Each structure stands twice: as C-alpha cells, then as structure tokens.
Amino acid sequence: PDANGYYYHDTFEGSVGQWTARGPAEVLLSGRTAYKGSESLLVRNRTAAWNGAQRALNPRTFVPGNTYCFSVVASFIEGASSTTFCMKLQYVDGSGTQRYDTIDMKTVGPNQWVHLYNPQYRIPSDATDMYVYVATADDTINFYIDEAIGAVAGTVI
Ligand SMILES: [Ca+2]
C-alpha cells in the first residue's frame, strides 16, 4: 500500500505489469496513444466481446469480503461508432462456479479516454481465483487501457 494508497499502479511506461490477455486476444505496449506518459496497453485479436485484458488479484492483499478502489482509463480509435467499456471481477464462488461481477461500465465514442472507476467495490466473501478485467459489451474492437490502479477503499483518483 504505497504513499497514495495504491496496491498496484500500471502506467505501462515500459512494462505490462501483471496484465495478460483474457481469451484468445493479445495484449502489448503501444505508443500510438496514451493517457499519461507515452504508452498504454493495447488489446487486440479479440474474437468475442468477452475477450480483453485481465490481471490476477492476490487474495492476501485483496481480501474477499473487503472493500477496495479500482480505476482504469480506456479508449478506442476505430472499429465502431461507440462502445461500452466494462471493468469487471471474474472469480470462482463457493460452489466452484465461475462468476462475473461488474465493477464499473461506461459508454464512449472514438478517440476519447473514459474513466472506469469505483472507489467502493466490495469483493464477494466467497471469491477465489480472482481477476480484475476490462472488456466491452458487444464488439471486438481493438482498445487501449492506461493508468490501471487497485487501491484502498475511498481512494480518490
Ligand atoms: Ca501510460
């Protein structure tokens, strides 16, 4: 928990951190557009809306039943006239069933960064094998994320 209450903070300025592809997509650093610095994380090769970018959450830091802050900014340049970005928690519940709970969602047009943000998100008490992820609702556009943050509940960004 750094000086600003962040547990992780991905600027994507030289490193993808713990971010990986969700589904058969691919993620990589890109200098084509950025929210801060000169880079962001590009997400491409998606073949279904559920494909995207994900990051495993360590249960020792993000304790189920506890409340935390999550933040990311996203944008796209082409492929659609608008999209709906979703930041979500993928997890396995107490019955062994994989669940998808929405943290934040925002609709936006091309060439505009949008702030996916929830300073008061409660992780379900029974969650295991957790991942925070970003995808869209119903398209397969390439998209970019930047400034990916996991923080203490109440953290203003
Ligand atoms: Ca950046």
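First listed ligand is number 1; within each ligand, the first listed atom is number 1. Along the sequence shown, residues are numbered consecutively beginning with 1.
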Rounded to the nearest 0.5 Å, how far does CZ of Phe70 lie from CD of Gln120?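 These two atoms lie 12.0 Å from each other.
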Kindly compute the distance separating CZ (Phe143) from OG (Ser40), expressed to the nearest 0.5 Å.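 Answer for the CZ-OG pair, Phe143 versus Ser40, is 11.0 Å.
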Can you find a side-chain donor-acceptor pair between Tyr7 and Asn58 that sits under 3.5 Å?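 Result is no, nothing qualifies.
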Which residues and atoms, counting only protein N, O or S, are under 3.0 Å from the Ca ion (ligand 1)?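 Under 3.0 Å from the Ca ion (ligand 1) - ignoring waters, which are not counted - the protein N, O or S atoms are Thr11 O, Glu13 OE2, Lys36 O, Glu39 O, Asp146 OD1, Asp146 OD2.
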ILVMFWY clustering at 4.5 Å (side-chain atoms), partners of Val156: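 Grouped by the 4.5 Å side-chain rule, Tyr6, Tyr117, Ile149, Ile157 form the rest of the cluster around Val156.
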Taking the side chain as every heavy atom from C-beta outward, state whether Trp50 and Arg22 have any pair of such atoms under 4.5 Å apart.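 They are in side-chain contact.
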Take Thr84 and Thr136, measure what side chain to side chain contact (heavy atoms under 4.5 Å, CB included) needs, and give me the verdict at the end. CA-CA 5 Å; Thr84 291; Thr136 67; 5.9 Å; no
